[PDB]
There are 2 protein chains.
Amino acid sequence: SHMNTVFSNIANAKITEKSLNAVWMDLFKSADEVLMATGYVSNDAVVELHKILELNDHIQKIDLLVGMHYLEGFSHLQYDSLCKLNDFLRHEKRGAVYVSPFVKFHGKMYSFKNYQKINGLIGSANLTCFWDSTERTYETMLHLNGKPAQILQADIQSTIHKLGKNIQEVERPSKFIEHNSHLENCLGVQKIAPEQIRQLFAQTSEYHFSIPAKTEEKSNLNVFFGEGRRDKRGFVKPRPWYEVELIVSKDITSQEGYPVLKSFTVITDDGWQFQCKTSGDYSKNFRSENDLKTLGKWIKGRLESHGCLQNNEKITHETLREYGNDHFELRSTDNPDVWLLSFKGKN
Amino acid sequence: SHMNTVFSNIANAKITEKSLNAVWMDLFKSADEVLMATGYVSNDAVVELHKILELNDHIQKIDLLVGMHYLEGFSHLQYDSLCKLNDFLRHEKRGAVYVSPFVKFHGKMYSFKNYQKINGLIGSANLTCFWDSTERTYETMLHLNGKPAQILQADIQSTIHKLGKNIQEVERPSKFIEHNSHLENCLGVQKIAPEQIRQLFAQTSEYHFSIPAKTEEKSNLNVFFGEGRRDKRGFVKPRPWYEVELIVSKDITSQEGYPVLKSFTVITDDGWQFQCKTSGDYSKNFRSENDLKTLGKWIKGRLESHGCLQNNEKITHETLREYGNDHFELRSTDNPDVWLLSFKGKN
């Protein structure tokens, strides 16, 4: 009773009464102090947590132990985002980010302090965008309340004291693991071998469109910098880092052969397959269909991998210039339901 | 209470009363039925679990869900080991191995039944050689007994029923990911960049020894096939797959410059650094000092990555012939405490 199983409950495998992301967010929203211990983190999870703490004053203290990365390997984007979060927390005296220099720490544990009420979660789930309602992996946690949660809270605190070192206080890693956007973890995404891609892109297309990468500061590709959504309790959530809005002008959607108001398969020059869909006024909105984030991860992830885009940064005319491309190429195949999409850099 | 936190308690961070590997083994040893759900597995963990069930009759039923690999990627060795385990379980009517074809299942959950008494673990730890007393990562679990353990057991059962498909019943994976021995997860191992290695091995050595890869069937490199360890109760553990005994003849250790009865740094042709140690009569025994398994993982993992050695297989001279090498090269540097160790195949 002081214990409840809490699973992801996706994929027609609804096992537990409540689902992970909703429970985590519920506990996070009402808490005034949080302890987090994770094995891994992603750049967007960290950057978005950072904005969330910027946008909501409810968390008075937050401590985050990142356990695996110091010894196993950081991307520069992960490392810098954590440093940047730490800077904020320190300057606002709202807590700290720790790494684990003495051991590869793999635990996933969360404690939420609401006044005198304590809730805990412990299981498989690393720190992700729990504030994204789309769950992509099936995780299993155990929710604790009352006195057992109190015990877990102290054990998390002990972990931080004995294993954790303020990330500010450690030597910045000499070598980084290269940035991996992990597009394969987006829902509805397949990898296509380079040989298939070569043969598939060899063909000549009947229809060919060149769609501008837009450079608006707070919308389109940069909606991340636009206004966040406020929930009923007043919690403000930023728009996701890997969400873009690809909005195609009438000048193009009106052209012969354009896939208007249609679902279709897209295959990318760098070997990814996923369903997209056009919709809205003048069929302007071009979207990845199974996962909101696929299209944005494809676009921003490529920019990030070339070193043209980093944390918390707007795509500008200069981003595209340095990358070597300012358009997305959308062209047909002999199949009216399969299209090719390219965003090749100068390399 | 019906709950206890159970952590690894390594790296001078002893936080919980009992430590993970010891608790898991204790519960495993007392059980007549086990339910296991994991995100990941390694080839040796599966092969050794398989050997454990071969050697001990106490487990009447075991169900094993492997959650991540089917959709994310199998190595041939992981896939083959699980299939062989399933084959055994099917033939003995002692349970089954499941994969997760419909979702990337990442949970880590274990349920142990002793008569009618149920014990459970839920947290961060994937299936490893829990029967190896050395923990290499700091993991965090929550132990359940009584009615809460009963609940977790039912939820594990549901997970298997809703997500699991018998590995016998799924299409063989189209592509395998390359075998990764993950030597970096051995204690006391550092990685050296290919550029430094190239410069380091360019030097000429004053001392040069060529150490035969021995082909004894049940000892030396093949101690895995030797006798296992029996504890007080008669529970049999096989000798670890990645344990080898590198035994060097008097003809070699008696030679000028051989590192007798001393610890020294070893750097390998494929970019790994770790301390080794010579000991015993005539400095006969050559060992990884910080982690018993490093040397065997280095030697066998290379044979495995080339496809010259497979699951549950003894190293023979034909293994070595197919590989293209039957000797380990140990030669000096200008530092008498730093040595070069090579095992290149024809490749």
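Excluded from the calculations below are hydrogen atoms, water molecules and symmetry mates; all remaining heavy atoms, backbone and side chain alike, are included. Letters A, B, ... are given to chains in the order of the sequence lines, protein chains preceding strands, and every chain is numbered from 1.
In this structure, the ring-ring contact (aromatic ring centres under 6.0 Å, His included) partners of B:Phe74, at least two apart in sequence or on a different chain, are B:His69, B:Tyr79.
A:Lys191 NZ: more than 12 foreign heavy atoms inside a 6.0 Å radius. No more than 12 heavy atoms of other residues, nucleotides or ligands sit less than 6.0 Å from atom CD of B:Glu178.
Sequence neighbours left out, the pairs with a member in residues 133-158 of chain A that pass ring-ring contact (aromatic ring centres under 6.0 Å, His included) are A:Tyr138-B:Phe105. Pairs passing the side chain to side chain donor-acceptor pair (under 3.5 Å) check and including a residue from residues 18-28 of chain B, sequence neighbours excluded, read B:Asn9-B:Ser19.
Residue B:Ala13 comes nearest to A:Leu163 through the heavy atom pair CB-CD2, 3.6 Å, listed as atom of the first residue, atom of the second, then distance. Here the closest non-hydrogen pair linking A:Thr140 and B:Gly107 is OG1-CA, 3.3 Å.
Residues A:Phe7 and B:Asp155 have side chains in contact (heavy-atom distance under 4.5 Å, counting atoms from C-beta outward).
Note: A:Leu142 CG to B:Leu121 CG = 11.0 Å, rounded to the nearest 0.5 Å.
Both the backbone and the side chain of A:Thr159 come within contact range of chain B, with heavy atoms under 4.5 Å apart. Contacts between A:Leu144 and chain B at a heavy-atom distance below 4.5 Å involve the side chain alone, from C-beta outward. Neither the backbone nor the side chain of B:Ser1 comes within contact range of chain A; no heavy atoms are under 4.5 Å apart. Residue contact with chain A, scored on non-hydrogen atoms closer than 4.5 Å, is absent for B:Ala154.
Ranked by heavy-atom pairs under 4.5 Å with chain A, the list B:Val103, B:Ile15, B:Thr137 is led by B:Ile15. Each of A:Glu184, A:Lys14, A:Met141, A:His106 has some count of heavy-atom pairs under 4.5 Å with chain B, and the biggest count is that of A:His106. With chain B as the partner, the residue from A:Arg136, A:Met3, A:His161 showing the most heavy-atom pairs under 4.5 Å is A:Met3. Each of B:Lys104, B:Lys108, B:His2, B:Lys175 has some count of heavy-atom pairs under 4.5 Å with chain A, and the biggest count is that of B:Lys104.
Listed by sequence position, A:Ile122, A:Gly123, A:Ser124, A:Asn126 are the residues of residues 122-131 of chain A in contact with chain B, using a 4.5 angstrom heavy-atom cutoff.
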